[PDB]
$ cat structure16.cif   # mmCIF, N, CA and C atoms and all ligand atoms
data_model
#
loop_
_atom_site.label_atom_id
_atom_site.label_comp_id
_atom_site.auth_asym_id
_atom_site.auth_seq_id
_atom_site.Cartn_x
_atom_site.Cartn_y
_atom_site.Cartn_z
N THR Q 4 -7.82 7.84 7.36
CA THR Q 4 -9.28 8.12 7.26
C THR Q 4 -9.95 7.31 6.15
N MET Q 5 -9.17 6.96 5.12
CA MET Q 5 -9.65 6.08 4.05
C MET Q 5 -9.22 4.63 4.27
N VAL Q 6 -8.59 4.37 5.42
CA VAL Q 6 -8.19 3.02 5.81
C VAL Q 6 -9.42 2.25 6.29
N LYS Q 7 -9.47 0.96 5.98
CA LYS Q 7 -10.52 0.10 6.49
C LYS Q 7 -9.92 -1.01 7.34
N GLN Q 8 -10.54 -1.26 8.49
CA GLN Q 8 -10.14 -2.37 9.36
C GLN Q 8 -10.72 -3.69 8.87
N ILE Q 9 -9.85 -4.67 8.70
CA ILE Q 9 -10.25 -6.03 8.35
C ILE Q 9 -10.38 -6.84 9.64
N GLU Q 10 -11.62 -7.14 10.00
CA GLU Q 10 -11.93 -7.79 11.27
C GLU Q 10 -12.26 -9.28 11.10
N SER Q 11 -12.17 -9.77 9.86
CA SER Q 11 -12.42 -11.19 9.56
C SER Q 11 -11.64 -11.65 8.33
N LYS Q 12 -11.45 -12.97 8.23
CA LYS Q 12 -10.77 -13.59 7.09
C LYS Q 12 -11.53 -13.34 5.79
N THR Q 13 -12.86 -13.26 5.89
CA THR Q 13 -13.74 -13.05 4.74
C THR Q 13 -13.65 -11.62 4.21
N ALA Q 14 -13.68 -10.65 5.13
CA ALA Q 14 -13.52 -9.23 4.79
C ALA Q 14 -12.20 -8.96 4.07
N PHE Q 15 -11.18 -9.75 4.40
CA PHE Q 15 -9.88 -9.71 3.74
C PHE Q 15 -9.98 -10.15 2.28
N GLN Q 16 -10.56 -11.33 2.07
CA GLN Q 16 -10.72 -11.89 0.72
C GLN Q 16 -11.65 -11.01 -0.13
N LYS Q 17 -12.65 -10.42 0.52
CA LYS Q 17 -13.59 -9.52 -0.14
C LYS Q 17 -12.92 -8.24 -0.63
N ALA Q 18 -12.16 -7.59 0.25
CA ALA Q 18 -11.49 -6.33 -0.07
C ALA Q 18 -10.53 -6.46 -1.26
N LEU Q 19 -9.83 -7.59 -1.33
CA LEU Q 19 -8.91 -7.88 -2.43
C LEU Q 19 -9.65 -8.14 -3.74
N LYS Q 20 -10.89 -8.62 -3.64
CA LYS Q 20 -11.76 -8.79 -4.80
C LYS Q 20 -12.29 -7.43 -5.27
N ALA Q 21 -12.81 -6.65 -4.33
CA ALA Q 21 -13.46 -5.35 -4.60
C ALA Q 21 -12.51 -4.24 -5.06
N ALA Q 22 -11.20 -4.47 -4.92
CA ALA Q 22 -10.19 -3.49 -5.30
C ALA Q 22 -10.00 -3.39 -6.82
N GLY Q 23 -10.28 -4.48 -7.53
CA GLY Q 23 -10.14 -4.51 -8.98
C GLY Q 23 -8.69 -4.59 -9.43
N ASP Q 24 -8.24 -3.55 -10.14
CA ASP Q 24 -6.87 -3.47 -10.65
C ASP Q 24 -6.02 -2.48 -9.84
N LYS Q 25 -6.56 -2.05 -8.70
CA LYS Q 25 -5.87 -1.12 -7.81
C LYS Q 25 -4.89 -1.85 -6.89
N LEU Q 26 -3.83 -1.15 -6.49
CA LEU Q 26 -2.88 -1.67 -5.50
C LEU Q 26 -3.51 -1.70 -4.11
N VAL Q 27 -3.29 -2.80 -3.40
CA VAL Q 27 -3.78 -2.95 -2.03
C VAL Q 27 -2.62 -3.00 -1.04
N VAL Q 28 -2.59 -2.04 -0.12
CA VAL Q 28 -1.59 -2.00 0.94
C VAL Q 28 -2.22 -2.51 2.23
N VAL Q 29 -1.62 -3.54 2.82
CA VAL Q 29 -2.10 -4.08 4.09
C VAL Q 29 -1.08 -3.84 5.21
N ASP Q 30 -1.54 -3.22 6.30
CA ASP Q 30 -0.73 -3.01 7.50
C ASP Q 30 -1.06 -4.05 8.56
N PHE Q 31 -0.19 -5.06 8.70
CA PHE Q 31 -0.28 -6.04 9.78
C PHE Q 31 0.36 -5.47 11.05
N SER Q 32 -0.48 -5.03 11.99
CA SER Q 32 0.01 -4.45 13.24
C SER Q 32 -0.79 -4.91 14.46
N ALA Q 33 -0.36 -4.46 15.64
CA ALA Q 33 -1.04 -4.76 16.89
C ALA Q 33 -1.10 -3.53 17.78
N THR Q 34 -2.08 -3.52 18.69
CA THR Q 34 -2.34 -2.37 19.56
C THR Q 34 -1.23 -2.11 20.59
N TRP Q 35 -0.46 -3.14 20.92
CA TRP Q 35 0.63 -3.04 21.90
C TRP Q 35 1.99 -2.77 21.27
N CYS Q 36 2.00 -2.69 19.94
CA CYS Q 36 3.22 -2.56 19.17
C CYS Q 36 3.69 -1.11 19.16
N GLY Q 37 4.91 -0.91 19.64
CA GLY Q 37 5.51 0.42 19.75
C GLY Q 37 5.69 1.15 18.42
N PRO Q 38 6.51 0.60 17.51
CA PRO Q 38 6.75 1.21 16.20
C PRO Q 38 5.50 1.30 15.33
N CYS Q 39 4.56 0.37 15.51
CA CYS Q 39 3.28 0.39 14.79
C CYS Q 39 2.49 1.66 15.06
N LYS Q 40 2.53 2.13 16.31
CA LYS Q 40 1.84 3.36 16.71
C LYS Q 40 2.57 4.59 16.17
N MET Q 41 3.89 4.47 16.03
CA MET Q 41 4.75 5.56 15.57
C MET Q 41 4.51 5.92 14.10
N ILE Q 42 4.19 4.92 13.28
CA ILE Q 42 4.00 5.11 11.84
C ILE Q 42 2.52 5.10 11.42
N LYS Q 43 1.63 4.88 12.38
CA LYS Q 43 0.19 4.76 12.10
C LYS Q 43 -0.46 6.04 11.52
N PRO Q 44 -0.26 7.21 12.18
CA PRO Q 44 -0.79 8.47 11.64
C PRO Q 44 -0.31 8.77 10.22
N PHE Q 45 0.90 8.33 9.88
CA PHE Q 45 1.45 8.49 8.54
C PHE Q 45 0.73 7.60 7.54
N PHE Q 46 0.42 6.38 7.96
CA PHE Q 46 -0.31 5.42 7.12
C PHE Q 46 -1.67 5.97 6.73
N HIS Q 47 -2.43 6.41 7.73
CA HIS Q 47 -3.76 7.00 7.53
C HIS Q 47 -3.74 8.22 6.61
N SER Q 48 -2.73 9.08 6.77
CA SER Q 48 -2.59 10.28 5.95
C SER Q 48 -2.24 9.98 4.49
N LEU Q 49 -1.54 8.87 4.25
CA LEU Q 49 -1.24 8.43 2.89
C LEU Q 49 -2.50 7.95 2.17
N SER Q 50 -3.46 7.44 2.93
CA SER Q 50 -4.70 6.91 2.37
C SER Q 50 -5.63 8.00 1.83
N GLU Q 51 -5.47 9.22 2.34
CA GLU Q 51 -6.23 10.35 1.81
C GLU Q 51 -5.43 11.16 0.79
N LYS Q 52 -4.30 10.59 0.37
CA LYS Q 52 -3.41 11.17 -0.63
C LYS Q 52 -3.20 10.20 -1.80
N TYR Q 53 -3.85 9.04 -1.73
CA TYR Q 53 -3.78 8.02 -2.78
C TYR Q 53 -5.15 7.40 -3.07
N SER Q 54 -5.91 8.06 -3.95
CA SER Q 54 -7.24 7.59 -4.37
C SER Q 54 -7.17 6.31 -5.19
N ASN Q 55 -6.03 6.11 -5.84
CA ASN Q 55 -5.77 4.94 -6.68
C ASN Q 55 -5.37 3.68 -5.90
N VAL Q 56 -5.15 3.84 -4.60
CA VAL Q 56 -4.60 2.77 -3.76
C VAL Q 56 -5.52 2.41 -2.60
N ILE Q 57 -5.75 1.11 -2.40
CA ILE Q 57 -6.61 0.60 -1.33
C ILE Q 57 -5.80 0.32 -0.06
N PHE Q 58 -6.11 1.05 1.01
CA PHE Q 58 -5.39 0.91 2.27
C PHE Q 58 -6.17 0.09 3.30
N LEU Q 59 -5.58 -1.02 3.73
CA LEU Q 59 -6.23 -1.96 4.65
C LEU Q 59 -5.44 -2.16 5.93
N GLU Q 60 -6.10 -2.76 6.93
CA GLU Q 60 -5.52 -2.93 8.26
C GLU Q 60 -5.94 -4.26 8.89
N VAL Q 61 -4.95 -5.04 9.31
CA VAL Q 61 -5.20 -6.31 10.01
C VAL Q 61 -4.60 -6.24 11.41
N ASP Q 62 -5.35 -6.72 12.40
CA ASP Q 62 -4.90 -6.76 13.79
C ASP Q 62 -4.50 -8.19 14.15
N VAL Q 63 -3.19 -8.41 14.31
CA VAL Q 63 -2.64 -9.77 14.47
C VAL Q 63 -3.11 -10.51 15.73
N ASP Q 64 -3.47 -9.77 16.78
CA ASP Q 64 -4.02 -10.38 17.99
C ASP Q 64 -5.35 -11.07 17.70
N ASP Q 65 -6.23 -10.38 16.96
CA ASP Q 65 -7.52 -10.94 16.57
C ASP Q 65 -7.34 -11.96 15.45
N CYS Q 66 -6.29 -11.76 14.65
CA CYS Q 66 -6.07 -12.56 13.45
C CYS Q 66 -4.73 -13.28 13.46
N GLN Q 67 -4.46 -14.03 14.54
CA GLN Q 67 -3.25 -14.85 14.64
C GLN Q 67 -3.21 -15.87 13.51
N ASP Q 68 -4.36 -16.50 13.27
CA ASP Q 68 -4.56 -17.46 12.19
C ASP Q 68 -4.19 -16.86 10.83
N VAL Q 69 -4.65 -15.64 10.57
CA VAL Q 69 -4.39 -14.95 9.30
C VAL Q 69 -2.95 -14.46 9.22
N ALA Q 70 -2.44 -13.93 10.34
CA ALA Q 70 -1.07 -13.42 10.41
C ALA Q 70 -0.04 -14.51 10.12
N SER Q 71 -0.31 -15.72 10.62
CA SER Q 71 0.58 -16.86 10.46
C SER Q 71 0.65 -17.34 9.01
N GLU Q 72 -0.52 -17.40 8.36
CA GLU Q 72 -0.63 -17.85 6.97
C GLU Q 72 0.03 -16.87 5.99
N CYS Q 73 0.19 -15.63 6.44
CA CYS Q 73 0.85 -14.59 5.66
C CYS Q 73 2.34 -14.45 6.02
N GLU Q 74 2.81 -15.37 6.87
CA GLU Q 74 4.22 -15.48 7.26
C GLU Q 74 4.77 -14.20 7.91
N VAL Q 75 3.94 -13.57 8.74
CA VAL Q 75 4.30 -12.35 9.47
C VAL Q 75 5.09 -12.70 10.73
N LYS Q 76 6.33 -12.23 10.79
CA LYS Q 76 7.24 -12.54 11.90
C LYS Q 76 7.30 -11.39 12.90
N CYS Q 77 7.24 -10.16 12.39
CA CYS Q 77 7.31 -8.96 13.21
C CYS Q 77 6.43 -7.85 12.63
N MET Q 78 6.22 -6.79 13.40
CA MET Q 78 5.29 -5.73 13.02
C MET Q 78 5.82 -4.32 13.32
N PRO Q 79 5.47 -3.33 12.48
CA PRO Q 79 4.54 -3.44 11.36
C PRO Q 79 5.13 -4.15 10.14
N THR Q 80 4.30 -4.98 9.50
CA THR Q 80 4.63 -5.57 8.21
C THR Q 80 3.64 -5.07 7.17
N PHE Q 81 4.16 -4.59 6.05
CA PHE Q 81 3.32 -4.09 4.97
C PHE Q 81 3.43 -5.04 3.78
N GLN Q 82 2.27 -5.52 3.33
CA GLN Q 82 2.20 -6.38 2.15
C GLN Q 82 1.37 -5.72 1.06
N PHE Q 83 1.81 -5.89 -0.19
CA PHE Q 83 1.21 -5.20 -1.34
C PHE Q 83 0.60 -6.20 -2.34
N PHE Q 84 -0.60 -5.88 -2.83
CA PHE Q 84 -1.35 -6.80 -3.68
C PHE Q 84 -1.90 -6.14 -4.94
N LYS Q 85 -1.65 -6.77 -6.09
CA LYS Q 85 -2.36 -6.46 -7.34
C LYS Q 85 -3.20 -7.66 -7.74
N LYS Q 86 -4.39 -7.40 -8.28
CA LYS Q 86 -5.42 -8.43 -8.47
C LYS Q 86 -5.57 -9.23 -7.17
N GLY Q 87 -5.39 -10.54 -7.25
CA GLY Q 87 -5.40 -11.39 -6.05
C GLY Q 87 -4.02 -11.69 -5.50
N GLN Q 88 -2.99 -11.40 -6.30
CA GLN Q 88 -1.63 -11.85 -6.02
C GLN Q 88 -0.73 -10.82 -5.33
N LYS Q 89 0.13 -11.32 -4.44
CA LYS Q 89 1.10 -10.50 -3.73
C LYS Q 89 2.23 -10.11 -4.68
N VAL Q 90 2.53 -8.82 -4.72
CA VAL Q 90 3.50 -8.26 -5.67
C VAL Q 90 4.72 -7.66 -4.96
N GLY Q 91 4.71 -7.72 -3.63
CA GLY Q 91 5.82 -7.21 -2.81
C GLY Q 91 5.50 -7.13 -1.33
N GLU Q 92 6.55 -6.98 -0.52
CA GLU Q 92 6.42 -6.87 0.94
C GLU Q 92 7.70 -6.38 1.60
N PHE Q 93 7.54 -5.70 2.74
CA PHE Q 93 8.65 -5.35 3.62
C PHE Q 93 8.15 -5.19 5.06
N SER Q 94 9.07 -5.28 6.03
CA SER Q 94 8.71 -5.11 7.43
C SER Q 94 9.46 -3.97 8.14
N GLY Q 95 8.85 -3.44 9.20
CA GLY Q 95 9.43 -2.37 9.99
C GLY Q 95 8.80 -1.01 9.74
N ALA Q 96 8.73 -0.19 10.79
CA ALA Q 96 8.17 1.16 10.68
C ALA Q 96 9.13 2.13 9.97
N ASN Q 97 9.12 2.05 8.64
CA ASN Q 97 9.98 2.86 7.78
C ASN Q 97 9.10 3.76 6.90
N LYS Q 98 9.06 5.05 7.23
CA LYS Q 98 8.20 6.01 6.51
C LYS Q 98 8.58 6.16 5.03
N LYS Q 99 9.88 6.33 4.76
CA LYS Q 99 10.37 6.60 3.41
C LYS Q 99 10.11 5.43 2.46
N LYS Q 100 10.43 4.21 2.90
CA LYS Q 100 10.25 3.01 2.08
C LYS Q 100 8.78 2.70 1.78
N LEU Q 101 7.92 2.85 2.78
CA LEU Q 101 6.48 2.66 2.61
C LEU Q 101 5.93 3.49 1.45
N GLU Q 102 6.26 4.78 1.45
CA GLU Q 102 5.88 5.68 0.37
C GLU Q 102 6.50 5.23 -0.96
N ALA Q 103 7.80 4.95 -0.94
CA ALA Q 103 8.55 4.50 -2.12
C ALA Q 103 7.96 3.24 -2.77
N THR Q 104 7.52 2.30 -1.93
CA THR Q 104 6.93 1.05 -2.38
C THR Q 104 5.56 1.28 -3.00
N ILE Q 105 4.80 2.23 -2.45
CA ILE Q 105 3.51 2.62 -3.02
C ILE Q 105 3.72 3.26 -4.41
N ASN Q 106 4.65 4.21 -4.49
CA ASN Q 106 4.98 4.87 -5.75
C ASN Q 106 5.48 3.91 -6.83
N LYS Q 107 6.25 2.90 -6.42
CA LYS Q 107 6.83 1.95 -7.35
C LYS Q 107 5.80 0.96 -7.89
N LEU Q 108 4.99 0.40 -7.00
CA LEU Q 108 4.09 -0.69 -7.36
C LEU Q 108 2.72 -0.25 -7.89
N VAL Q 109 2.39 1.03 -7.74
CA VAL Q 109 1.11 1.57 -8.22
C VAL Q 109 0.92 1.34 -9.72
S1 LIG C 201 -8.94 -11.73 11.21
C1 LIG C 201 -10.14 -12.08 12.48
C2 LIG C 201 -10.21 -13.59 12.70
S2 LIG C 201 -11.62 -13.99 13.56
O1 LIG C 201 -12.13 -12.70 14.56
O2 LIG C 201 -12.78 -14.19 12.73
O3 LIG C 201 -11.41 -15.01 14.56
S1 LIG C 202 -1.22 -13.49 3.18
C1 LIG C 202 -2.50 -14.58 2.54
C2 LIG C 202 -2.32 -15.99 3.10
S2 LIG C 202 -3.26 -17.12 2.23
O1 LIG C 202 -4.68 -16.88 2.34
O2 LIG C 202 -3.02 -16.94 0.56
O3 LIG C 202 -2.88 -18.50 2.42
#

$ encode --input "structure16.cif" --output "structure tokens"
Amino acid sequence: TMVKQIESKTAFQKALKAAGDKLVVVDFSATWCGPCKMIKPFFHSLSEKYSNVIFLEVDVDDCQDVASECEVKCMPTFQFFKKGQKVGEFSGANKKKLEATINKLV
């Protein structure tokens, strides 16, 4: 519910600017992706449990260009950002690790 959809390359660069010193979690997923749908409700629920963390969403079908530049091979892929810089990443619909990575990098 506190997740925002990134529908353009500019909205992506903007969100990372507007976050300040907060951690940014990006979910690179697609509408046809099986495991992506399995972990999606969990992602959204974490966003209303972490006021300190910015939760974002990229759709790789619309953003093939963006997905490629971020070296996304499979989905869901979660990438984590402090300031402008990437501070960590992992791939796969893993509920426990997603939470653990948020707790660690916050
Ligand atoms: S991330 C979306 C890329 S595009 O819709 O501007 O082509
Ligand atoms: S994941 C971000 C890719 S790029 O814009 O830094 O090249």

$ residues_near_ligand --input "structure16.cif" --ligand "ligand LIG 202 (chain C)" --cutoff "7 Å" --atoms "all atoms listed in the file" --output "ChimeraX atom specification"
/Q:69,71-74

$ write_last_selection --input "structure16.cif" --atoms "N, CA and C atoms" --output "JSON list (two decimals), in the frame of the given file"
[["chain", "number", "residue", "atom", "x", "y", "z"],
["Q", 69, "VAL", "N", -4.65, -15.64, 10.57],
["Q", 69, "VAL", "CA", -4.39, -14.95, 9.30],
["Q", 69, "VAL", "C", -2.95, -14.46, 9.22],
["Q", 71, "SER", "N", -0.31, -15.72, 10.62],
["Q", 71, "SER", "CA", 0.58, -16.86, 10.46],
["Q", 71, "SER", "C", 0.65, -17.34, 9.01],
["Q", 72, "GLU", "N", -0.52, -17.40, 8.36],
["Q", 72, "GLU", "CA", -0.63, -17.85, 6.97],
["Q", 72, "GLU", "C", 0.03, -16.87, 5.99],
["Q", 73, "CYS", "N", 0.19, -15.63, 6.44],
["Q", 73, "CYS", "CA", 0.85, -14.59, 5.66],
["Q", 73, "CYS", "C", 2.34, -14.45, 6.02],
["Q", 74, "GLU", "N", 2.81, -15.37, 6.87],
["Q", 74, "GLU", "CA", 4.22, -15.48, 7.26],
["Q", 74, "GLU", "C", 4.77, -14.20, 7.91]]

$ closest_atom_pairs --input "structure16.cif" --of "chain Q" --to "ligand LIG 201 (chain C)" --cutoff "12 Å" --atoms "only C-alpha atoms and all ligand atoms" --output "CSV"
residue,atom,partner,partner_atom,distance
Q:8,CA,C:LIG201,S1,9.6
Q:9,CA,C:LIG201,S1,6.5
Q:10,CA,C:LIG201,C1,4.8
Q:11,CA,C:LIG201,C1,3.8
Q:12,CA,C:LIG201,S1,4.9
Q:13,CA,C:LIG201,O2,8.1
Q:14,CA,C:LIG201,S1,8.3
Q:15,CA,C:LIG201,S1,7.8
Q:16,CA,C:LIG201,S1,10.6
Q:31,CA,C:LIG201,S1,10.5
Q:32,CA,C:LIG201,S1,11.7
Q:33,CA,C:LIG201,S1,12.0
Q:60,CA,C:LIG201,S1,9.9
Q:61,CA,C:LIG201,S1,6.7
Q:62,CA,C:LIG201,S1,6.9
Q:63,CA,C:LIG201,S1,7.4
Q:64,CA,C:LIG201,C1,8.4
Q:65,CA,C:LIG201,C1,5.0
Q:66,CA,C:LIG201,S1,3.7
Q:67,CA,C:LIG201,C2,7.3
Q:68,CA,C:LIG201,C2,6.9
Q:69,CA,C:LIG201,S1,5.9
Q:70,CA,C:LIG201,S1,8.1
Q:71,CA,C:LIG201,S1,10.8
Q:72,CA,C:LIG201,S1,11.2
Q:73,CA,C:LIG201,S1,11.6

$ atom_distance --input "structure16.cif" --atom1 "atom CA of residue Q:94" --atom2 "atom CA of residue Q:24"
23.9 Å

$ axis_aligned_box --input "structure16.cif" --around "stretch 58-74 of chain Q" --padding-each-side "8 Å" --output "lines of an AutoDock Vina configuration file"
center_x = -1.4
center_y = -8.4
center_z = 9.5
size_x = 28.3
size_y = 34.9
size_z = 33.0

$ residues_around --input "structure16.cif" --residues "stretch 86-93 of chain Q" --least-positions-apart "6" --cutoff "6.5 Å" --atoms "all atoms listed in the file" --output "list in words"
residues 19, 20, 23, 24, 25, 79 and 80 of chain Q

$ atom_distance --input "structure16.cif" --atom1 "atom CA of residue Q:54" --atom2 "atom C of residue Q:78"
25.0 Å

$ select_by_dssp --input "structure16.cif" --residues "chain Q" --states "helix (DSSP H, G or I)" --output "mmCIF file with N, CA and C atoms, in the frame of the given file"
data_model
loop_
_atom_site.group_PDB
_atom_site.id
_atom_site.type_symbol
_atom_site.label_atom_id
_atom_site.label_comp_id
_atom_site.auth_asym_id
_atom_site.auth_seq_id
_atom_site.Cartn_x
_atom_site.Cartn_y
_atom_site.Cartn_z
ATOM 1 N N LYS Q 12 -11.450 -12.970 8.230
ATOM 2 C CA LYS Q 12 -10.770 -13.590 7.090
ATOM 3 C C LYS Q 12 -11.530 -13.340 5.790
ATOM 4 N N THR Q 13 -12.860 -13.260 5.890
ATOM 5 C CA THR Q 13 -13.740 -13.050 4.740
ATOM 6 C C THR Q 13 -13.650 -11.620 4.210
ATOM 7 N N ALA Q 14 -13.680 -10.650 5.130
ATOM 8 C CA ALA Q 14 -13.520 -9.230 4.790
ATOM 9 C C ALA Q 14 -12.200 -8.960 4.070
ATOM 10 N N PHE Q 15 -11.180 -9.750 4.400
ATOM 11 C CA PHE Q 15 -9.880 -9.710 3.740
ATOM 12 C C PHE Q 15 -9.980 -10.150 2.280
ATOM 13 N N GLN Q 16 -10.560 -11.330 2.070
ATOM 14 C CA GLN Q 16 -10.720 -11.890 0.720
ATOM 15 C C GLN Q 16 -11.650 -11.010 -0.130
ATOM 16 N N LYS Q 17 -12.650 -10.420 0.520
ATOM 17 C CA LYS Q 17 -13.590 -9.520 -0.140
ATOM 18 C C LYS Q 17 -12.920 -8.240 -0.630
ATOM 19 N N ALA Q 18 -12.160 -7.590 0.250
ATOM 20 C CA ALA Q 18 -11.490 -6.330 -0.070
ATOM 21 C C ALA Q 18 -10.530 -6.460 -1.260
ATOM 22 N N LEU Q 19 -9.830 -7.590 -1.330
ATOM 23 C CA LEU Q 19 -8.910 -7.880 -2.430
ATOM 24 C C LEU Q 19 -9.650 -8.140 -3.740
ATOM 25 N N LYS Q 20 -10.890 -8.620 -3.640
ATOM 26 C CA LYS Q 20 -11.760 -8.790 -4.800
ATOM 27 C C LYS Q 20 -12.290 -7.430 -5.270
ATOM 28 N N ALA Q 21 -12.810 -6.650 -4.330
ATOM 29 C CA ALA Q 21 -13.460 -5.350 -4.600
ATOM 30 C C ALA Q 21 -12.510 -4.240 -5.060
ATOM 31 N N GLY Q 37 4.910 -0.910 19.640
ATOM 32 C CA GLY Q 37 5.510 0.420 19.750
ATOM 33 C C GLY Q 37 5.690 1.150 18.420
ATOM 34 N N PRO Q 38 6.510 0.600 17.510
ATOM 35 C CA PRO Q 38 6.750 1.210 16.200
ATOM 36 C C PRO Q 38 5.500 1.300 15.330
ATOM 37 N N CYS Q 39 4.560 0.370 15.510
ATOM 38 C CA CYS Q 39 3.280 0.390 14.790
ATOM 39 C C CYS Q 39 2.490 1.660 15.060
ATOM 40 N N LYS Q 40 2.530 2.130 16.310
ATOM 41 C CA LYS Q 40 1.840 3.360 16.710
ATOM 42 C C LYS Q 40 2.570 4.590 16.170
ATOM 43 N N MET Q 41 3.890 4.470 16.030
ATOM 44 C CA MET Q 41 4.750 5.560 15.570
ATOM 45 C C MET Q 41 4.510 5.920 14.100
ATOM 46 N N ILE Q 42 4.190 4.920 13.280
ATOM 47 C CA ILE Q 42 4.000 5.110 11.840
ATOM 48 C C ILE Q 42 2.520 5.100 11.420
ATOM 49 N N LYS Q 43 1.630 4.880 12.380
ATOM 50 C CA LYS Q 43 0.190 4.760 12.100
ATOM 51 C C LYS Q 43 -0.460 6.040 11.520
ATOM 52 N N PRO Q 44 -0.260 7.210 12.180
ATOM 53 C CA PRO Q 44 -0.790 8.470 11.640
ATOM 54 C C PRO Q 44 -0.310 8.770 10.220
ATOM 55 N N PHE Q 45 0.900 8.330 9.880
ATOM 56 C CA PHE Q 45 1.450 8.490 8.540
ATOM 57 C C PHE Q 45 0.730 7.600 7.540
ATOM 58 N N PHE Q 46 0.420 6.380 7.960
ATOM 59 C CA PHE Q 46 -0.310 5.420 7.120
ATOM 60 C C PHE Q 46 -1.670 5.970 6.730
ATOM 61 N N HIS Q 47 -2.430 6.410 7.730
ATOM 62 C CA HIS Q 47 -3.760 7.000 7.530
ATOM 63 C C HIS Q 47 -3.740 8.220 6.610
ATOM 64 N N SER Q 48 -2.730 9.080 6.770
ATOM 65 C CA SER Q 48 -2.590 10.280 5.950
ATOM 66 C C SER Q 48 -2.240 9.980 4.490
ATOM 67 N N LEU Q 49 -1.540 8.870 4.250
ATOM 68 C CA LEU Q 49 -1.240 8.430 2.890
ATOM 69 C C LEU Q 49 -2.500 7.950 2.170
ATOM 70 N N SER Q 50 -3.460 7.440 2.930
ATOM 71 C CA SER Q 50 -4.700 6.910 2.370
ATOM 72 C C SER Q 50 -5.630 8.000 1.830
ATOM 73 N N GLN Q 67 -4.460 -14.030 14.540
ATOM 74 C CA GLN Q 67 -3.250 -14.850 14.640
ATOM 75 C C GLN Q 67 -3.210 -15.870 13.510
ATOM 76 N N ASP Q 68 -4.360 -16.500 13.270
ATOM 77 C CA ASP Q 68 -4.560 -17.460 12.190
ATOM 78 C C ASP Q 68 -4.190 -16.860 10.830
ATOM 79 N N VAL Q 69 -4.650 -15.640 10.570
ATOM 80 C CA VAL Q 69 -4.390 -14.950 9.300
ATOM 81 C C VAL Q 69 -2.950 -14.460 9.220
ATOM 82 N N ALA Q 70 -2.440 -13.930 10.340
ATOM 83 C CA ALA Q 70 -1.070 -13.420 10.410
ATOM 84 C C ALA Q 70 -0.040 -14.510 10.120
ATOM 85 N N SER Q 71 -0.310 -15.720 10.620
ATOM 86 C CA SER Q 71 0.580 -16.860 10.460
ATOM 87 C C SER Q 71 0.650 -17.340 9.010
ATOM 88 N N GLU Q 72 -0.520 -17.400 8.360
ATOM 89 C CA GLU Q 72 -0.630 -17.850 6.970
ATOM 90 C C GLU Q 72 0.030 -16.870 5.990
ATOM 91 N N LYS Q 98 9.060 5.050 7.230
ATOM 92 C CA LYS Q 98 8.200 6.010 6.510
ATOM 93 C C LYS Q 98 8.580 6.160 5.030
ATOM 94 N N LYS Q 99 9.880 6.330 4.760
ATOM 95 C CA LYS Q 99 10.370 6.600 3.410
ATOM 96 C C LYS Q 99 10.110 5.430 2.460
ATOM 97 N N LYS Q 100 10.430 4.210 2.900
ATOM 98 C CA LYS Q 100 10.250 3.010 2.080
ATOM 99 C C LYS Q 100 8.780 2.700 1.780
ATOM 100 N N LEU Q 101 7.920 2.850 2.780
ATOM 101 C CA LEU Q 101 6.480 2.660 2.610
ATOM 102 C C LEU Q 101 5.930 3.490 1.450
ATOM 103 N N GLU Q 102 6.260 4.780 1.450
ATOM 104 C CA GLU Q 102 5.880 5.680 0.370
ATOM 105 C C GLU Q 102 6.500 5.230 -0.960
ATOM 106 N N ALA Q 103 7.800 4.950 -0.940
ATOM 107 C CA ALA Q 103 8.550 4.500 -2.120
ATOM 108 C C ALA Q 103 7.960 3.240 -2.770
ATOM 109 N N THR Q 104 7.520 2.300 -1.930
ATOM 110 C CA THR Q 104 6.930 1.050 -2.380
ATOM 111 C C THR Q 104 5.560 1.280 -3.000
ATOM 112 N N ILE Q 105 4.800 2.230 -2.450
ATOM 113 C CA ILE Q 105 3.510 2.620 -3.020
ATOM 114 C C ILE Q 105 3.720 3.260 -4.410
ATOM 115 N N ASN Q 106 4.650 4.210 -4.490
ATOM 116 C CA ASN Q 106 4.980 4.870 -5.750
ATOM 117 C C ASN Q 106 5.480 3.910 -6.830
ATOM 118 N N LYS Q 107 6.250 2.900 -6.420
ATOM 119 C CA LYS Q 107 6.830 1.950 -7.350
ATOM 120 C C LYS Q 107 5.800 0.960 -7.890
ATOM 121 N N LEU Q 108 4.990 0.400 -7.000
ATOM 122 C CA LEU Q 108 4.090 -0.690 -7.360
ATOM 123 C C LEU Q 108 2.720 -0.250 -7.890
#

$ select_by_dssp --input "structure16.cif" --residues "stretch 56-109 of chain Q" --states "strand (DSSP E or B)" --output "list in words"
residues 56, 57, 58, 59, 60, 61, 62, 80, 81, 82, 83, 84, 85, 88, 89, 90, 91, 92, 93 and 94 of chain Q

$ closest_residue --input "structure16.cif" --among "Q:34, Q:58, Q:76, Q:27" --to "residue Q:46" --atoms "only N, CA and C atoms"
Q:58

$ atom_distance --input "structure16.cif" --atom1 "atom N of residue Q:77" --atom2 "atom N of residue Q:56"
25.3 Å

$ closest_residue --input "structure16.cif" --among "Q:85, Q:21, Q:96, Q:55" --to "residue Q:39" --atoms "only N, CA and C atoms"
Q:96

$ closest_residue --input "structure16.cif" --among "Q:18, Q:108, Q:28, Q:49" --to "residue Q:83" --atoms "only C-alpha atoms"
Q:28

$ decode --input "structure16.cif" --residues "stretch 8-20 of chain Q" --atoms "C-alpha atoms" --output "short mmCIF file (atom, residue, chain, number, x, y, z; two decimals), in the first residue's frame"
data_model
loop_
_atom_site.label_atom_id
_atom_site.label_comp_id
_atom_site.auth_asym_id
_atom_site.auth_seq_id
_atom_site.Cartn_x
_atom_site.Cartn_y
_atom_site.Cartn_z
CA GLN Q 8 5.13 1.89 -9.24
CA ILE Q 9 8.03 3.23 -11.29
CA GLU Q 10 6.64 3.63 -14.81
CA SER Q 11 9.60 5.57 -16.28
CA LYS Q 12 13.40 5.84 -16.12
CA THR Q 13 12.98 9.39 -14.76
CA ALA Q 14 10.59 8.39 -11.94
CA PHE Q 15 13.29 5.88 -10.92
CA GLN Q 16 16.07 8.51 -10.71
CA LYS Q 17 13.64 10.87 -8.95
CA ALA Q 18 12.57 8.39 -6.26
CA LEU Q 19 16.21 7.65 -5.38
CA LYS Q 20 16.81 11.40 -5.04
#
